[PDB]
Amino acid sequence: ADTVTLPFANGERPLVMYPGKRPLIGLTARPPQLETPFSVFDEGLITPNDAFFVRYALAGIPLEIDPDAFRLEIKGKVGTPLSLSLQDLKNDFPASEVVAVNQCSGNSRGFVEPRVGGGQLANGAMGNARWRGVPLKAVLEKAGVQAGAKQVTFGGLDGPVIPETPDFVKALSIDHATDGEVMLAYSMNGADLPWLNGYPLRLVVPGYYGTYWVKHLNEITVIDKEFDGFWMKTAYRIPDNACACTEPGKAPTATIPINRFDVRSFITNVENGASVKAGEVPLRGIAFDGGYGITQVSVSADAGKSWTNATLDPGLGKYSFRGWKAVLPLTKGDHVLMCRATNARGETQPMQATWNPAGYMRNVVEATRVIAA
């Protein structure tokens, strides 16, 4: 039936409908991987549950869950091992909330040049939601972390089809896990987690790439060494340098795990070749970073020759999409519109795209050609 075409080579995808979801861009069926149509980001600041993107590494996702039998296990280098029900979590601990962007490591990989292998995503593998749950800090304090603790590993209900394939397990440093922001989220936008977004419980790691946000989370292990599981040691690595980048075609000499978002911004109310009325053209869109706050968003209508200051919306917190609005004088004819954001620690977007072998962390200044009449 319905298809879309993403604007890169071999960009054709089916529009697919999953239970509880609107039609989305189908990347893969087994495991399910769904990208959000770009138009959704112009609908409002919080991404709806039924539009939220889905990424999974392994096909053995859970398809039947009894929320009453479900237990989160807390173990390893702790005083008291814990076995917690969802009712335990909701009753015995105080709740927190955070509005936070979840974005895949590989968001926008389809735009990387030269093209690289992996999930060929446009910019729709990101979303912003109100998350509610228990700060991991409080669960870990109850277990009683031992001095000696270095890292916390996180595992979920999903599993590899073939037992030899490495099971999806991630790690955070102990001081990160106990920071008060890392959350055990049982709620997304005031509802239970959509199935494919990790029902009944997921890790939320504000300002960090999505790979850490472990879904169907059932196993937390405090360890006193570095975790050398495959999804930390081999997968999700970036070049160990300031641009997280190498010369096109070159492998890095040193790598580190992907960590915190770089600064991004988009224009959401217009897309390539849109018609606008010559004169005062109203633009709007979004910006986000790794939790330092957006300081400003500049807009350009002459492909980056000159810049206008956008007006920032009232914010929903440092981890949320930050909205912005601008009105630009446009003469009749062609214009290449750009936006560029900078954050409170002075990070900004490069004008020219960088590259790495994985196609991770793209944040180049986005250009949108419009026609003013």
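The numbering used is simple: start at 1 and walk along the sequence shown.
Undergrad: If you take the mean CA temperature factor per stretch, which one wins between 278-286 and 147-155?
TA: In the deposited entry, the stretch with the higher C-alpha B-factor mean is 278-286.
Undergrad: Taking the recorded C-alpha temperature factors, which stretch has the higher mean, 193-201 or 82-90?
TA: It is 82-90 that shows the higher mean C-alpha B-factor.
Undergrad: Going by the CA temperature factor in the entry, name the top one among 35, 68, 42, 313.
TA: Max CA B-factor in the entry, restricted to 35, 68, 42, 313: 68.
Undergrad: Tell me which of 62, 31, 304, 48 tops the list for C-alpha B factor in the record.
TA: When the deposited C-alpha B-factors of 62, 31, 304, 48 are compared, 304 is largest.
Undergrad: Could you place residue 332 in the lowest, middle or highest third of its chain by Cα temperature factor, using the values in the record?
TA: Top third by C-alpha B-factor.
Undergrad: Would you please rank residue 262 by its C-alpha temperature factor against the other modelled residues of its chain and give the third it falls in: lowest, middle or highest?
TA: It belongs to the lowest third of the chain when residues are ordered by C-alpha B-factor.
Undergrad: Can you work out whether the C-alpha temperature factor of residue 128 puts it in the lowest, middle or highest third of the chain?
TA: According to the entry, residue 128 has a C-alpha B-factor in the chain's lowest third.
Undergrad: Lowest, middle or highest third: where is residue 210 by Cα B-factor in its chain?
TA: Tercile = lowest for this residue's CA B-factor.
Undergrad: For residue 227, does the deposited CA B-factor place it in the lowest, middle or highest third of the chain?
TA: Its C-alpha B-factor belongs to the highest third of this chain's values.
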